[PDB]
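Here is the structure we will look at, set down as structure tokens.
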Amino acid sequence: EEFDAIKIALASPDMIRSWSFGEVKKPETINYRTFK
Amino acid sequence: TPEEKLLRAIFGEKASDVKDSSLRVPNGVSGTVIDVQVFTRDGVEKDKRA
Amino acid sequence: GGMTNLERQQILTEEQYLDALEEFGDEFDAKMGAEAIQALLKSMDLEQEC
Amino acid sequence: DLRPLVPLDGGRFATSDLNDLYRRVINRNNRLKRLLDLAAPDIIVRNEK
Amino acid sequence: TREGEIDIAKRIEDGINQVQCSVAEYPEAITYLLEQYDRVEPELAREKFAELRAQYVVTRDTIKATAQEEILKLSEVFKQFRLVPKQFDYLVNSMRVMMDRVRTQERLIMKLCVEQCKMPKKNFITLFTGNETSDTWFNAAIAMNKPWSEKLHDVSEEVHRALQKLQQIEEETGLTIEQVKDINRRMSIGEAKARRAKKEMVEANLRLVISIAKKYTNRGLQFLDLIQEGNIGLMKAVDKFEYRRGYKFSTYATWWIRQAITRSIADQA
DNA sequence: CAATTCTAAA
RNA sequence: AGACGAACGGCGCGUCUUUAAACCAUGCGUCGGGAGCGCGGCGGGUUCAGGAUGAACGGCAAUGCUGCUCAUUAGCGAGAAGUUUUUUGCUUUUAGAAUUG
Ligand SMILES: [Mg+2]
């Protein structure tokens with residue numbers, strides 16, 4: 001977004017929850033009758 | 001659809017559909033076909049040209 | 001370690017741990033796994049040690 | 001999309017490896033959740049972790 | 001290895017006996033016990049509770065000497081009660097919460113000594129230990145003016161009000177912090193052998209549980225699921241284990257193991 | 001070291 | 001020949017026969033809603049209380065209802081058919097040989 005310098009550091013758990021949009025639970029991927 | 005790709009991985013029976021991948025001359029290459037040469041693996045019906 | 005002749009850094013494997021457990025249940029804070037090291041990192045203070 | 005799983009034909013895939021790794025990690029984390037639910041003994045959770 | 005289990009059981013009885021003795025030695029544990037008994041409120045139990053009340057009042061009237069033999073005979077007359085699991089666990093929980101508070105006090109005080117002045121451990125152990133309430137560590141430390149005894153006045157005041165908070169908690173308990181730490185050491189000692197007991201039980205019983213679990217190998221459920229489900233079933237079976245039985249160990253496991261494995265395969269398979 | 005062919009192994 | 005399948009419809013397709021079920025389980029397949037604001041409100045969650053369910057709620061919100069006014073899509077390259085449809089699309093790397101400036 002037209003920045004001017006990159007800061008890098010460690011990611012606090014609050015930040016890790018900030019980025020995402022919701023916890024991921026099950027190992028299953030798709031319907032396997034449909035591909036939904 | 002569902003129950004078909006599952007069957008596809010189980011046994012597999014495809015519809016007798018057609019796709020074509022003939023050999024086209026690469027572009028920008030004039031020519032004059034001076035010879036054709038056909039090879040057939042042993043134990044197959046031949047062709048008129050052969 | 002507390003007032004029990006225990007050093008914050010000394011590592012004691014399973015059987016010495018059993019012996020120490022018998023010596024002391026309390027003031028020998030038996031933590032294991034990543035959590036242990038995690039907790040330890042919280043205790044340490046930088047600027048004074050720096 | 002950065003780790004796509006091409007549906008090419010059924011369960012087999014043309015995919016970046018990470019689907020497998022995420023799958024394994026989620027499986028083991030769920031298992032540890034189950035253990036801590038059931039209050040199983042030490043050595044079992046030792047192997048779990 | 002019946003010796004291991006019988007030792008574990010009798011020694012668990014010893015440990016619960018010792019912590020109950022400490023409870024008898026401790027005021028507010030008894031206040032909590034009588035409060036919860038009144039809240040719950042058998043003629044044998046009623047007269048035993050009346051005896052407990054008479055013992056409590058006479059002992060708390062006779063704090064001043066014979067109180068040592070008095071608490072000894074309290075110990076031998078107080079062990080006739082069988083301990084309910086929930087009630088015993090809750091009383092132990094409350095008194096270990098007291099212990100955690102006292103541990104917090106200890107924690108706070110020796111941060112005020114150790115790192116702020118890089119106190120040597122050996123010298124502090126030798127000197128501070130024994131009194132815990134006097135000027136032997138407040139302004140007797142400054143007395144010798146050793147290299148760790150000139151930058152303590154700057155911290156002696158926070159040490160001060162920290163330890164007056166500690167004595168406030170002391171009168172909250174009632175028996176001097178020396179005595180409190182001694183009895184807490186006693187209960188922790190008994191609990192330590194109790195943990196060793198369960199430790200020995202599980203470590204020796206690992207072989208037995210895996211051996212009995214190995215009978216099933218072609219269920220379709222993972223060998224892992226087999227072992228942890230069988231282990232948890234066998235543990236909750238052992239939690240009230242009886243050694244009086246002449247039957248061998250595997251006899252007291254097959255049904256629990258079988259039902260646990262059945263539930264596992266039915267649910268996740 | 002930019003292409004331009006050809007061959008060979010996955 | 002009709003019915004139902006998270007809201008409506010078209011079509012697909014499962015089952016049933018004048019009935020709305022049943023099956024299934026982020027409760028099936030697939031295209032469509034010129035417009036933005038307004039009206040209420042399917043559906044689906046929150047709070048409360050009841051003791052297994054009743055009430056209220058508006059972040060949102062379907063089929064619809066009376067109105068005010070902003071104006072009309074598309075990967076690339078081959079190929080086909082008739083301003084409209086339609087098919088296809090790469091194992092690239094790792095070496096080795098010869099030749100350019
Ligand atoms: Mg030149």
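Ligands are numbered from 1 in the order shown, chains are lettered A, B, ... in the order of the structure tokens, and residues start at 1 in each chain.
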
Using the chain letters and numbers from this document, which residues of segment 98-265 of chain E does DSSP assign to alpha helix (DSSP H), as a CSV table (one decimal) with N, CA and C atoms, in the first residue's frame?
chain,number,residue,atom,x,y,z
E,98,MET,N,-3.9,-22.3,50.8
E,98,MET,CA,-3.2,-21.7,51.9
E,98,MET,C,-1.7,-21.8,51.7
E,99,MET,N,-1.2,-23.1,51.3
E,99,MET,CA,0.2,-23.3,51.1
E,99,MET,C,0.7,-22.5,49.9
E,100,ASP,N,-0.1,-22.3,48.9
E,100,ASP,CA,0.3,-21.5,47.8
E,100,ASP,C,0.5,-20.1,48.1
E,101,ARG,N,-0.5,-19.6,49.0
E,101,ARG,CA,-0.3,-18.2,49.5
E,101,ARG,C,0.9,-18.0,50.3
E,102,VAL,N,1.2,-19.0,51.2
E,102,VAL,CA,2.5,-18.9,51.9
E,102,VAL,C,3.7,-19.0,51.0
E,103,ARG,N,3.6,-19.8,50.0
E,103,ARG,CA,4.7,-19.9,49.0
E,103,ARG,C,4.9,-18.6,48.3
E,104,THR,N,3.8,-17.9,48.0
E,104,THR,CA,3.8,-16.6,47.4
E,104,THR,C,4.5,-15.6,48.3
E,105,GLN,N,4.2,-15.6,49.6
E,105,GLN,CA,4.9,-14.8,50.5
E,105,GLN,C,6.4,-15.1,50.5
E,106,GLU,N,6.8,-16.3,50.6
E,106,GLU,CA,8.2,-16.7,50.5
E,106,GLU,C,8.8,-16.2,49.3
E,107,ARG,N,8.1,-16.4,48.1
E,107,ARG,CA,8.6,-15.9,46.8
E,107,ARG,C,8.9,-14.4,46.9
E,108,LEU,N,7.9,-13.7,47.3
E,108,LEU,CA,8.1,-12.2,47.3
E,108,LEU,C,9.2,-11.8,48.2
E,109,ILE,N,9.4,-12.4,49.4
E,109,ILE,CA,10.4,-12.0,50.3
E,109,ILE,C,11.8,-12.3,49.7
E,110,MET,N,12.0,-13.5,49.1
E,110,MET,CA,13.4,-13.7,48.7
E,110,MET,C,13.8,-13.1,47.4
E,111,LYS,N,12.8,-12.7,46.5
E,111,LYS,CA,13.2,-11.7,45.5
E,111,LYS,C,13.7,-10.4,46.2
E,121,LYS,N,23.6,-17.6,48.0
E,121,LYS,CA,22.6,-18.6,48.4
E,121,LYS,C,23.0,-19.2,49.7
E,122,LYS,N,24.3,-19.7,49.8
E,122,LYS,CA,24.7,-20.4,51.0
E,122,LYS,C,24.6,-19.6,52.3
E,123,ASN,N,25.2,-18.4,52.2
E,123,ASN,CA,25.1,-17.5,53.4
E,123,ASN,C,23.7,-17.1,53.8
E,124,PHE,N,22.9,-16.8,52.8
E,124,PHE,CA,21.5,-16.5,53.2
E,124,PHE,C,20.8,-17.8,53.8
E,125,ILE,N,21.0,-18.9,53.2
E,125,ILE,CA,20.4,-20.1,53.8
E,125,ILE,C,20.9,-20.3,55.2
E,126,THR,N,22.2,-20.2,55.5
E,126,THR,CA,22.7,-20.4,56.8
E,126,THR,C,22.1,-19.4,57.8
E,127,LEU,N,22.1,-18.1,57.4
E,127,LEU,CA,21.8,-17.0,58.3
E,127,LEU,C,20.3,-16.8,58.5
E,128,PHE,N,19.6,-16.5,57.4
E,128,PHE,CA,18.2,-16.2,57.4
E,128,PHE,C,17.4,-17.4,58.0
E,141,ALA,N,21.8,-8.0,59.6
E,141,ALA,CA,22.6,-8.1,58.3
E,141,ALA,C,23.5,-7.0,58.1
E,142,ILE,N,23.0,-5.7,58.3
E,142,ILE,CA,23.8,-4.6,58.2
E,142,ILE,C,24.9,-4.6,59.3
E,143,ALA,N,24.8,-5.4,60.4
E,143,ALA,CA,25.7,-5.3,61.5
E,143,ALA,C,27.1,-5.6,61.1
E,144,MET,N,27.3,-6.7,60.3
E,144,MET,CA,28.7,-7.1,59.9
E,144,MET,C,29.2,-6.3,58.7
E,153,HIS,N,19.7,-1.3,53.4
E,153,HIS,CA,18.8,-0.3,53.9
E,153,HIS,C,17.9,0.2,52.8
E,154,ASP,N,18.4,0.3,51.6
E,154,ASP,CA,17.6,0.8,50.5
E,154,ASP,C,16.4,-0.2,50.3
E,155,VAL,N,16.5,-1.4,50.6
E,155,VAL,CA,15.5,-2.4,50.4
E,155,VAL,C,14.9,-3.0,51.7
E,156,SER,N,15.5,-2.6,52.9
E,156,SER,CA,15.0,-3.1,54.1
E,156,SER,C,13.6,-2.7,54.4
E,157,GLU,N,13.2,-1.5,53.8
E,157,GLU,CA,11.8,-1.0,54.1
E,157,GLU,C,10.8,-1.8,53.4
E,158,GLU,N,11.0,-2.2,52.1
E,158,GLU,CA,10.0,-3.0,51.4
E,158,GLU,C,10.1,-4.4,52.0
E,159,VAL,N,11.2,-4.9,52.4
E,159,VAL,CA,11.3,-6.1,53.2
E,159,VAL,C,10.4,-6.0,54.4
E,160,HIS,N,10.5,-4.9,55.1
E,160,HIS,CA,9.7,-4.6,56.3
E,160,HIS,C,8.2,-4.8,56.0
E,161,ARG,N,7.6,-3.9,55.2
E,161,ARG,CA,6.2,-4.0,55.1
E,161,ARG,C,5.7,-5.3,54.4
E,162,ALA,N,6.6,-5.9,53.5
E,162,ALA,CA,6.2,-7.2,53.0
E,162,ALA,C,6.1,-8.2,54.2
E,163,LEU,N,7.0,-8.2,55.1
E,163,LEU,CA,6.9,-9.1,56.2
E,163,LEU,C,5.9,-8.8,57.2
E,164,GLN,N,5.5,-7.5,57.5
E,164,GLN,CA,4.3,-7.2,58.3
E,164,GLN,C,3.1,-7.7,57.6
E,165,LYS,N,3.0,-7.7,56.2
E,165,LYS,CA,1.9,-8.3,55.6
E,165,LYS,C,2.0,-9.8,55.8
E,166,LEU,N,3.2,-10.4,55.9
E,166,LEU,CA,3.3,-11.8,56.2
E,166,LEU,C,2.8,-12.1,57.6
E,167,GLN,N,3.2,-11.3,58.6
E,167,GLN,CA,2.6,-11.6,59.9
E,167,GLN,C,1.1,-11.4,60.0
E,168,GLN,N,0.6,-10.4,59.2
E,168,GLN,CA,-0.9,-10.3,59.1
E,168,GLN,C,-1.5,-11.7,58.7
E,169,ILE,N,-0.9,-12.2,57.6
E,169,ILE,CA,-1.3,-13.6,57.2
E,169,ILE,C,-1.0,-14.6,58.3
E,170,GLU,N,0.0,-14.4,59.1
E,170,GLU,CA,0.3,-15.3,60.2
E,170,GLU,C,-0.9,-15.3,61.2
E,171,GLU,N,-1.3,-14.2,61.7
E,171,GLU,CA,-2.5,-14.2,62.6
E,171,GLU,C,-3.7,-14.7,61.9
E,172,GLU,N,-3.8,-14.5,60.6
E,172,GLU,CA,-4.8,-15.1,59.8
E,172,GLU,C,-4.8,-16.6,60.0
E,173,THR,N,-3.6,-17.2,60.0
E,173,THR,CA,-3.4,-18.6,60.3
E,173,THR,C,-3.6,-18.9,61.8
E,177,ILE,N,4.8,-18.6,61.9
E,177,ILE,CA,5.2,-19.0,60.6
E,177,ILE,C,6.2,-20.1,60.6
E,178,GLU,N,7.0,-20.1,61.6
E,178,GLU,CA,7.9,-21.3,61.8
E,178,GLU,C,7.1,-22.6,61.9
E,179,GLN,N,6.1,-22.6,62.8
E,179,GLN,CA,5.3,-23.8,62.9
E,179,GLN,C,4.5,-24.0,61.7
E,180,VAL,N,4.0,-23.0,61.0
E,180,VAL,CA,3.2,-23.2,59.8
E,180,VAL,C,4.1,-23.8,58.7
E,181,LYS,N,5.3,-23.3,58.6
E,181,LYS,CA,6.2,-23.9,57.5
E,181,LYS,C,6.6,-25.3,57.9
E,182,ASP,N,6.7,-25.6,59.2
E,182,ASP,CA,7.0,-27.0,59.6
E,182,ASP,C,5.9,-28.0,59.3
E,183,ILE,N,4.7,-27.6,59.6
E,183,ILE,CA,3.6,-28.5,59.3
E,183,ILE,C,3.3,-28.6,57.8
E,184,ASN,N,3.5,-27.5,57.1
E,184,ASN,CA,3.4,-27.5,55.6
E,184,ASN,C,4.5,-28.4,55.0
E,185,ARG,N,5.7,-28.4,55.6
E,185,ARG,CA,6.7,-29.3,55.2
E,185,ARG,C,6.3,-30.7,55.5
E,186,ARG,N,5.7,-31.0,56.6
E,186,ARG,CA,5.2,-32.3,56.9
E,186,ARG,C,4.2,-32.8,55.9
E,187,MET,N,3.2,-32.1,55.6
E,187,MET,CA,2.2,-32.5,54.7
E,187,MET,C,2.8,-32.6,53.3
E,188,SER,N,3.7,-31.7,52.9
E,188,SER,CA,4.3,-31.8,51.6
E,188,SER,C,5.2,-33.1,51.5
E,189,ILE,N,5.8,-33.4,52.6
E,189,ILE,CA,6.6,-34.7,52.7
E,189,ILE,C,5.7,-35.9,52.4
E,190,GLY,N,4.6,-36.0,53.2
E,190,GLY,CA,3.7,-37.1,53.0
E,190,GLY,C,3.1,-37.1,51.6
E,191,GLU,N,2.8,-35.9,51.0
E,191,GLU,CA,2.3,-35.9,49.7
E,191,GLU,C,3.3,-36.3,48.7
E,192,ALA,N,4.6,-36.0,49.0
E,192,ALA,CA,5.7,-36.4,48.1
E,192,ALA,C,5.8,-37.9,48.0
E,193,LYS,N,5.8,-38.6,49.1
E,193,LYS,CA,5.7,-40.0,49.0
E,193,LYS,C,4.4,-40.5,48.3
E,194,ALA,N,3.3,-39.8,48.5
E,194,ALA,CA,2.1,-40.2,47.8
E,194,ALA,C,2.3,-40.1,46.3
E,195,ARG,N,2.9,-39.0,45.8
E,195,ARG,CA,3.2,-38.9,44.4
E,195,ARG,C,4.2,-40.0,44.0
E,196,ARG,N,5.2,-40.3,44.8
E,196,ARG,CA,6.1,-41.4,44.5
E,196,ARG,C,5.3,-42.7,44.4
E,197,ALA,N,4.3,-42.9,45.2
E,197,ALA,CA,3.5,-44.1,45.2
E,197,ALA,C,2.8,-44.3,43.9
E,198,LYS,N,2.1,-43.2,43.5
E,198,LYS,CA,1.4,-43.3,42.2
E,198,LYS,C,2.4,-43.4,41.0
E,199,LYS,N,3.5,-42.8,41.1
E,199,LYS,CA,4.6,-42.9,40.2
E,199,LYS,C,5.0,-44.4,40.0
E,200,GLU,N,5.4,-45.0,41.2
E,200,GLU,CA,5.8,-46.4,41.1
E,200,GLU,C,4.7,-47.3,40.6
E,201,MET,N,3.4,-47.0,41.0
E,201,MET,CA,2.3,-47.8,40.5
E,201,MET,C,2.3,-47.7,39.0
E,202,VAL,N,2.3,-46.5,38.4
E,202,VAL,CA,2.2,-46.4,36.9
E,202,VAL,C,3.4,-47.0,36.2
E,203,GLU,N,4.6,-46.8,36.8
E,203,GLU,CA,5.8,-47.2,36.1
E,203,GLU,C,5.9,-48.8,36.1
E,204,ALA,N,5.5,-49.4,37.2
E,204,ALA,CA,5.5,-50.9,37.2
E,204,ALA,C,4.4,-51.5,36.5
E,205,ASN,N,3.2,-50.7,36.4
E,205,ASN,CA,2.0,-51.2,35.8
E,205,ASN,C,1.9,-51.0,34.3
E,206,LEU,N,2.9,-50.2,33.8
E,206,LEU,CA,3.0,-50.0,32.3
E,206,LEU,C,3.1,-51.4,31.6
E,207,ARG,N,4.0,-52.2,32.1
E,207,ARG,CA,4.2,-53.5,31.5
E,207,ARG,C,2.9,-54.3,31.5
E,208,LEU,N,2.2,-54.4,32.7
E,208,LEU,CA,1.0,-55.1,32.8
E,208,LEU,C,-0.1,-54.6,31.8
E,209,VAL,N,-0.3,-53.3,31.7
E,209,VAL,CA,-1.3,-52.7,30.9
E,209,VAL,C,-1.1,-53.0,29.5
E,210,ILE,N,0.2,-52.8,29.0
E,210,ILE,CA,0.5,-53.0,27.6
E,210,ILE,C,0.3,-54.5,27.3
E,211,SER,N,0.7,-55.4,28.2
E,211,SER,CA,0.6,-56.8,28.0
E,211,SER,C,-0.9,-57.2,27.8
E,212,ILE,N,-1.7,-56.7,28.7
E,212,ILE,CA,-3.2,-57.1,28.6
E,212,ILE,C,-3.8,-56.4,27.3
E,213,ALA,N,-3.3,-55.2,27.0
E,213,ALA,CA,-3.9,-54.5,25.8
E,213,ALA,C,-3.4,-55.2,24.5
E,223,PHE,N,-3.1,-48.9,17.2
E,223,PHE,CA,-2.5,-49.4,18.4
E,223,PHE,C,-2.4,-48.3,19.5
E,224,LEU,N,-2.2,-47.1,19.1
E,224,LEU,CA,-2.1,-46.0,20.0
E,224,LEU,C,-3.4,-45.9,20.8
E,225,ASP,N,-4.6,-45.8,20.1
E,225,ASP,CA,-5.9,-45.7,20.8
E,225,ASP,C,-6.1,-46.8,21.7
E,226,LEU,N,-5.7,-48.0,21.3
E,226,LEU,CA,-5.7,-49.2,22.2
E,226,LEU,C,-5.0,-48.8,23.5
E,227,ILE,N,-3.7,-48.4,23.4
E,227,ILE,CA,-2.9,-48.2,24.6
E,227,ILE,C,-3.5,-47.1,25.5
E,228,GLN,N,-3.8,-45.9,25.0
E,228,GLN,CA,-4.2,-44.9,26.0
E,228,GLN,C,-5.6,-45.2,26.5
E,229,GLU,N,-6.5,-45.7,25.7
E,229,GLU,CA,-7.9,-46.0,26.3
E,229,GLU,C,-7.8,-47.1,27.3
E,230,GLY,N,-7.0,-48.2,27.0
E,230,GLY,CA,-6.8,-49.2,28.0
E,230,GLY,C,-6.2,-48.7,29.3
E,231,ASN,N,-5.2,-47.8,29.1
E,231,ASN,CA,-4.5,-47.3,30.2
E,231,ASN,C,-5.4,-46.5,31.1
E,232,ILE,N,-6.2,-45.6,30.5
E,232,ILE,CA,-7.1,-44.8,31.3
E,232,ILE,C,-8.1,-45.6,32.0
E,233,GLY,N,-8.7,-46.6,31.3
E,233,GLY,CA,-9.6,-47.5,32.0
E,233,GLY,C,-9.0,-48.2,33.2
E,234,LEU,N,-7.8,-48.7,33.0
E,234,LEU,CA,-7.1,-49.5,34.1
E,234,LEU,C,-6.7,-48.5,35.2
E,235,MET,N,-6.4,-47.3,34.9
E,235,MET,CA,-6.1,-46.3,36.0
E,235,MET,C,-7.4,-46.0,36.8
E,236,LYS,N,-8.5,-45.8,36.1
E,236,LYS,CA,-9.7,-45.5,37.0
E,236,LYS,C,-10.2,-46.7,37.7
E,237,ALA,N,-9.9,-47.9,37.2
E,237,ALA,CA,-10.1,-49.1,37.9
E,237,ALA,C,-9.2,-49.2,39.2
E,238,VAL,N,-7.9,-48.9,39.0
E,238,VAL,CA,-7.0,-49.0,40.1
E,238,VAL,C,-7.2,-47.9,41.1
E,254,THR,N,-10.0,-56.8,32.6
E,254,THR,CA,-10.4,-57.2,31.3
E,254,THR,C,-11.7,-56.4,30.9
E,255,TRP,N,-12.7,-56.3,31.8
E,255,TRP,CA,-14.0,-55.7,31.4
E,255,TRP,C,-13.8,-54.2,31.2
E,256,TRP,N,-13.1,-53.5,32.0
E,256,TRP,CA,-12.9,-52.1,31.8
E,256,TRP,C,-12.2,-51.8,30.5
E,257,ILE,N,-11.1,-52.6,30.2
E,257,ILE,CA,-10.4,-52.5,29.0
E,257,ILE,C,-11.3,-52.7,27.8
E,258,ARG,N,-12.1,-53.8,27.9
E,258,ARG,CA,-12.9,-54.2,26.8
E,258,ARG,C,-14.0,-53.1,26.5
E,259,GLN,N,-14.6,-52.5,27.5
E,259,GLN,CA,-15.6,-51.5,27.3
E,259,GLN,C,-15.0,-50.2,26.8
E,260,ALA,N,-13.8,-49.9,27.3
E,260,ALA,CA,-13.1,-48.7,26.8
E,260,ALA,C,-12.8,-48.8,25.3
E,261,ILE,N,-12.3,-50.0,24.9
E,261,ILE,CA,-11.9,-50.2,23.5
E,261,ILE,C,-13.2,-50.2,22.7
E,262,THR,N,-14.3,-50.8,23.2
E,262,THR,CA,-15.5,-50.9,22.5
E,262,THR,C,-16.0,-49.4,22.2
E,263,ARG,N,-16.0,-48.6,23.2
E,263,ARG,CA,-16.4,-47.2,23.0
E,263,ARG,C,-15.5,-46.5,22.0
E,264,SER,N,-14.2,-46.7,22.1
E,264,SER,CA,-13.3,-46.1,21.2
E,264,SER,C,-13.6,-46.5,19.8
E,265,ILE,N,-13.7,-47.8,19.5
E,265,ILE,CA,-14.0,-48.2,18.1
E,265,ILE,C,-15.4,-47.7,17.6

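All of the residues in chain D within 7 Å of chain A are residues 23, 26 and 27 of chain D, where only C-alpha atoms were counted.
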
Give me a file of those residues, with N, CA and C atoms, as a compact mmCIF listing (two decimals), in the first residue's frame.
# COMPACT_ATOMS: atom_id res chain seq x y z
N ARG D 23 -2.44 -31.21 8.26
CA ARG D 23 -3.32 -32.29 8.67
C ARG D 23 -2.75 -33.03 9.87
N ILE D 26 -2.78 -30.88 13.12
CA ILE D 26 -4.12 -30.75 13.69
C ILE D 26 -4.55 -32.06 14.33
N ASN D 27 -4.23 -33.19 13.70
CA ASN D 27 -4.57 -34.47 14.29
C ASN D 27 -3.96 -34.61 15.68

Report as a tab-separated table the residues of chain B within 7 Å of chain D, each with its shortest atom pair and distance in Å (one decimal), using only C-alpha atoms, ordered by chain and increasing residue number.
residue	atom	partner	partner_atom	distance
B:5	CA	D:10	CA	6.1
B:6	CA	D:10	CA	6.4
B:9	CA	D:10	CA	6.4

Legend entry - Point-to-point distance in Å for atom CA of residue 81 of chain E and atom CA of residue 30 of chain E: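 If I compute the distance from atom CA of residue 30 of chain E to atom CA of residue 81 of chain E, I get 14.3 Å.
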
Inset, instruction - For residue 7 of chain F, please output as a PyMOL selection string all residues within 12 Å (counting only C-alpha atoms (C1' of nucleotides); exclusion window: fewer than 2 positions along the same chain). - result: (chain F and resi 5+9) or (chain G and resi 95-98)

With N, CA, C and O atoms (P, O5', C5', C4', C3', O3' and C1' of nucleotides) retained, export the selected residues as a PDB file, in the first residue's frame.
ATOM      1  P    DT F   5      16.995 -23.358 -33.060  1.00  0.00           P
ATOM      2  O5'  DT F   5      17.532 -24.240 -31.842  1.00  0.00           O
ATOM      3  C5'  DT F   5      17.292 -25.624 -31.812  1.00  0.00           C
ATOM      4  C4'  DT F   5      18.293 -26.363 -32.678  1.00  0.00           C
ATOM      5  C3'  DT F   5      18.456 -27.833 -32.338  1.00  0.00           C
ATOM      6  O3'  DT F   5      17.591 -28.625 -33.129  1.00  0.00           O
ATOM      7  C1'  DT F   5      20.572 -26.774 -32.247  1.00  0.00           C
ATOM      8  P    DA F   9      17.807 -41.867 -21.236  1.00  0.00           P
ATOM      9  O5'  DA F   9      18.091 -41.032 -19.901  1.00  0.00           O
ATOM     10  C5'  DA F   9      19.083 -41.470 -18.982  1.00  0.00           C
ATOM     11  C4'  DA F   9      18.828 -40.921 -17.587  1.00  0.00           C
ATOM     12  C3'  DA F   9      17.373 -40.931 -17.137  1.00  0.00           C
ATOM     13  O3'  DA F   9      17.024 -42.163 -16.536  1.00  0.00           O
ATOM     14  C1'  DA F   9      18.266 -38.771 -16.806  1.00  0.00           C
TER      15       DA F   9
ATOM     16  P     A G  95      23.162 -29.067 -13.093  1.00  0.00           P
ATOM     17  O5'   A G  95      24.281 -29.882 -13.875  1.00  0.00           O
ATOM     18  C5'   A G  95      24.272 -29.949 -15.289  1.00  0.00           C
ATOM     19  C4'   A G  95      24.594 -31.335 -15.783  1.00  0.00           C
ATOM     20  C3'   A G  95      25.284 -31.391 -17.136  1.00  0.00           C
ATOM     21  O3'   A G  95      26.684 -31.195 -17.046  1.00  0.00           O
ATOM     22  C1'   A G  95      23.429 -32.818 -17.178  1.00  0.00           C
ATOM     23  P     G G  96      27.459 -30.285 -18.122  1.00  0.00           P
ATOM     24  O5'   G G  96      28.481 -31.274 -18.841  1.00  0.00           O
ATOM     25  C5'   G G  96      28.349 -32.688 -18.767  1.00  0.00           C
ATOM     26  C4'   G G  96      28.111 -33.305 -20.121  1.00  0.00           C
ATOM     27  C3'   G G  96      28.527 -32.498 -21.333  1.00  0.00           C
ATOM     28  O3'   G G  96      29.922 -32.487 -21.551  1.00  0.00           O
ATOM     29  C1'   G G  96      26.418 -33.453 -21.728  1.00  0.00           C
ATOM     30  P     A G  97      30.584 -31.318 -22.428  1.00  0.00           P
ATOM     31  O5'   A G  97      30.065 -31.608 -23.899  1.00  0.00           O
ATOM     32  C5'   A G  97      30.510 -32.761 -24.588  1.00  0.00           C
ATOM     33  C4'   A G  97      30.058 -32.759 -26.021  1.00  0.00           C
ATOM     34  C3'   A G  97      30.352 -31.490 -26.795  1.00  0.00           C
ATOM     35  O3'   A G  97      31.666 -31.475 -27.308  1.00  0.00           O
ATOM     36  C1'   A G  97      28.107 -32.101 -27.120  1.00  0.00           C
ATOM     37  P     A G  98      32.359 -30.092 -27.695  1.00  0.00           P
ATOM     38  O5'   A G  98      31.481 -29.558 -28.901  1.00  0.00           O
ATOM     39  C5'   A G  98      31.637 -30.123 -30.187  1.00  0.00           C
ATOM     40  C4'   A G  98      30.779 -29.421 -31.196  1.00  0.00           C
ATOM     41  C3'   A G  98      30.995 -27.928 -31.302  1.00  0.00           C
ATOM     42  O3'   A G  98      32.118 -27.601 -32.097  1.00  0.00           O
ATOM     43  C1'   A G  98      28.689 -28.379 -31.175  1.00  0.00           C
TER      44        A G  98
END

Inset, instruction - Show me which bits of chain B are within 8 Å of chain A, counting only C-alpha atoms, as a PyMOL selection string. - result: chain B and resi 1-3+6

Legend entry - Close residues, residue 9 of chain G itself excluded, 12 Å, only C-alpha atoms (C1' of nucleotides), min 2 positions apart in chain, as a list in words: residues 7, 11, 31, 32, 33 and 63 of chain G

Write out, as a Markdown table, each residue of chain B that has an atom at most 12 Å from chain G, together with the closest pair of atoms and their distance in Å to one decimal, counting only C-alpha atoms (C1' of nucleotides), rows going by chain and rising number.
| residue | atom | partner | partner_atom | distance |
| --- | --- | --- | --- | --- |
| B:1 | CA | G:29 | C1' | 7.9 |
| B:2 | CA | G:29 | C1' | 8.9 |
| B:3 | CA | G:29 | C1' | 11.9 |
| B:18 | CA | G:87 | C1' | 11.2 |
| B:19 | CA | G:87 | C1' | 9.3 |
| B:20 | CA | G:88 | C1' | 9.5 |
| B:21 | CA | G:88 | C1' | 9.6 |
| B:24 | CA | G:78 | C1' | 11.1 |
| B:26 | CA | G:78 | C1' | 11.8 |
| B:27 | CA | G:78 | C1' | 10.9 |

Please, could you write that set of residues out with N, CA and C atoms as a short mmCIF file (atom, residue, chain, number, x, y, z; two decimals), in the first residue's frame?
data_model
loop_
_atom_site.label_atom_id
_atom_site.label_comp_id
_atom_site.auth_asym_id
_atom_site.auth_seq_id
_atom_site.Cartn_x
_atom_site.Cartn_y
_atom_site.Cartn_z
N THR B 1 -19.79 -35.81 -11.97
CA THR B 1 -20.56 -35.44 -10.78
C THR B 1 -20.18 -36.33 -9.61
N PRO B 2 -20.76 -36.11 -8.42
CA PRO B 2 -20.54 -37.06 -7.32
C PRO B 2 -20.99 -38.46 -7.69
N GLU B 3 -20.36 -39.44 -7.05
CA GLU B 3 -20.52 -40.88 -7.28
C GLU B 3 -19.93 -41.33 -8.61
N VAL B 18 -13.95 -37.95 -27.87
CA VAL B 18 -12.91 -37.75 -28.87
C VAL B 18 -12.19 -36.44 -28.57
N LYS B 19 -10.86 -36.50 -28.57
CA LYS B 19 -10.02 -35.31 -28.61
C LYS B 19 -8.95 -35.52 -29.67
N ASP B 20 -8.51 -34.42 -30.28
CA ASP B 20 -7.62 -34.46 -31.43
C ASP B 20 -6.36 -33.67 -31.15
N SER B 21 -5.21 -34.29 -31.39
CA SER B 21 -3.91 -33.68 -31.18
C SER B 21 -3.01 -33.99 -32.36
N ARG B 24 0.67 -30.39 -36.24
CA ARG B 24 0.61 -29.23 -37.11
C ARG B 24 2.02 -28.72 -37.35
N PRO B 26 5.06 -26.47 -37.30
CA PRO B 26 5.37 -25.29 -36.49
C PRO B 26 5.37 -24.04 -37.34
N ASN B 27 4.86 -22.95 -36.77
CA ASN B 27 4.59 -21.75 -37.54
C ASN B 27 5.87 -21.15 -38.11
#
